[PDB]
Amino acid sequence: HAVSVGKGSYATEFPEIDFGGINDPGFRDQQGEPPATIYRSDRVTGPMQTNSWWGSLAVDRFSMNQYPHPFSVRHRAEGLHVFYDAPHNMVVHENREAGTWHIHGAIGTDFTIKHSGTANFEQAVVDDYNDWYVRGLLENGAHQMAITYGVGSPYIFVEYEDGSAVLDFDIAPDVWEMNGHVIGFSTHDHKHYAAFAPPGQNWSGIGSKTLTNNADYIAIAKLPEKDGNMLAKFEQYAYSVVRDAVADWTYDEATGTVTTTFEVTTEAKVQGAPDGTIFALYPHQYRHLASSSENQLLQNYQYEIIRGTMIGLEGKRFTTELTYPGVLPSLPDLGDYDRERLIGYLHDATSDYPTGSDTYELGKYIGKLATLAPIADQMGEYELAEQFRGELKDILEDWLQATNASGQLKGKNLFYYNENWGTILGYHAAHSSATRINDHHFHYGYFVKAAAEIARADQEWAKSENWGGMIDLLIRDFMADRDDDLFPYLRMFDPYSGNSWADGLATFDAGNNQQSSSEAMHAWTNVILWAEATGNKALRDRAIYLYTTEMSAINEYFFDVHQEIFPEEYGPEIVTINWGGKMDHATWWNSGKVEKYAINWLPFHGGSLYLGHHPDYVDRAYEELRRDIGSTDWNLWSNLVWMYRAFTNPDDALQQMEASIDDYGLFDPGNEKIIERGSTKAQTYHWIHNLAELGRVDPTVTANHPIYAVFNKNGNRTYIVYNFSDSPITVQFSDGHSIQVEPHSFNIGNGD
């Protein structure tokens, strides 16, 4: 009932859960499994994809509302409803007492794509998928309608079995261009679309509420404008149905460049149809478009969506280019702190304990210990650092074993492989990590942090035959490569939307969502560190690709650093939860003002420096939070605000820290006013004093190795490298600076 993996194991039978005498129904219901029923055809076998923009198609009989931008769509017994949020559908609402804001559209229907033979389909199943498109199959015996659609596709491709095409409207549309087999039309409220059938198959019902075509293939396009030249361009690719779509990437270690090429492969539905499509690019893509793709832009082809303006680009492929900025295992010892005061805070942290038994609360605790251990090493407190790492080893050697001393499955503190979906689940579970396959990057990222800190000091422990095998299993669950026997590809990540999606099932009418983008960035950071420590180049590079891409989406959709995406009337300077179809300044729990910003900053670690790349943003966001609070009396998590403020004004951060850090004493789970429960006084004091000495993050300098950071204080650069190798290295920076680094050390600020 368990599979050995090095010294560890995972359960292959669902354990008899030890509830610990807790009767709370919510807690008990968490210790379960994801849904038994998966709505997929027999063409889709093996580990099932989860955490996707389209997931509600797999989980609900039909689907919930989905956002294949620029459209929204939903499957129903009667067919596929299609919608586009026009400006008149978009609203920005504020609930002052709740402190929440919501940017959202409507769940309406512009028309329904129907099958002539039935309006009572039995179910809609996933019939195929690739990196960002899905093929949904509405089924009723011989009657079938296969719908191919995707984020960044202004087409919906429709294939019929045993019937023909129907477009049904509640109010008769305006057919403003009638080319026989191709029509340009607008809804009563002036939304512009087109429909395409093979030559000779002419549309009927023009002027009525129901447009019909005898063809067994049609495509729908959202048109950017009521424009016959655009209609003519959409005709060129309307018969090229996307079958394959891959996002292939490379990391150039010398330059830091992460290059991603998005390539489709299509199947021709008429003779001579080109192999290509029209893509709709999101801001995080087109702002980084490779020179070589520029000639494919369709300049005036714009769509407004929740994430700003999408633009059209034609052809088989396009490429984006991003810059990986490095990460560190920890800030080094470069601050002007009182070392005895910091040593005292390190000892104070021995009082801390996890505030729950589930993967998330245990995760926060081990992240806390892993953050303290290098600081203890720096202060010369090696015995204390060893105590922290020993505690990490004790916790991980427990959780990474599924059996007890007698060889029976444990009832808690273990991992289990759900074969139905194909996912590793940890018990105790929380935040629907097991029942909805939620948040695996957020939770398991902390387990990887703990393992990476152990590996930094003890390479033996981290070997695959020891505890490394189980760590690499957890990593595969949340970010597997292609053709993994146990897990779907890159579970958490949507390579086209550019971000992770936290909900395994996506059964919301706003599509999927992600709240803590920083806990996603923390997961990617820790995989980079773990992979560097254990000599796994392929895994490291995949995590670099994720870190760097996710960063591009965070800066657009969570922060809107360019002040182009959020509506002018939206008050806050952050979106807390991004959805497929809407944006909230709100949290998944009842919180105050600080938390609706800081949930996208925490935890602070050696990969957090991406938060400081846009100093005008950091100032604008801080000042807005300060305005709303009305002072620097933060309602909760004060230390996170001080650490954030230190990115641009460490003098201010320092004065706030000095005034309040010692307000309360040792760890108290009931009181997060000053110190957030995943944080410590030691971490806070070490971070702010390091920033005070280093100055600003400098993202204009790259290096030819991946574990580094560059800071700039009034034109004076500080270069930091950590070397995980047994051998000395030389690191070349993009500004001409060159340094040597000894084995298993920082170049500067090793401490002692």
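Don't overthink the numbering: it's just position in the shown sequence, from 1.
The question of which stretch, 505 to 513 or 477 to 485, has the higher mean Cα B factor is settled in favour of 477 to 485. For the pair 564 to 572 and 595 to 603, the record assigns the higher mean C-alpha temperature factor to 564 to 572. When the C-alpha B-factors of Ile107, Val134, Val73, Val182 are read from the PDB record, the largest value belongs to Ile107.
Across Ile343, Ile424, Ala543, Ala280, the greatest Cα temperature factor reported in the deposited entry is at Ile343.
Residue-level temperature factors show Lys368 in the middle third of its chain, judged at the C-alpha atom. In this PDB entry, the Cα temperature factor of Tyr39 sits in the middle third of its chain's modelled residues.
Among all modelled residues in its chain, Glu235 ranks in the middle third by Cα B-factor. In the deposited entry, the Cα temperature factor of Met64 places it in the lowest third of its chain's modelled residues.
Remark: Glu391 belongs to the middle third of its chain, ranked by C-alpha B-factor as recorded.
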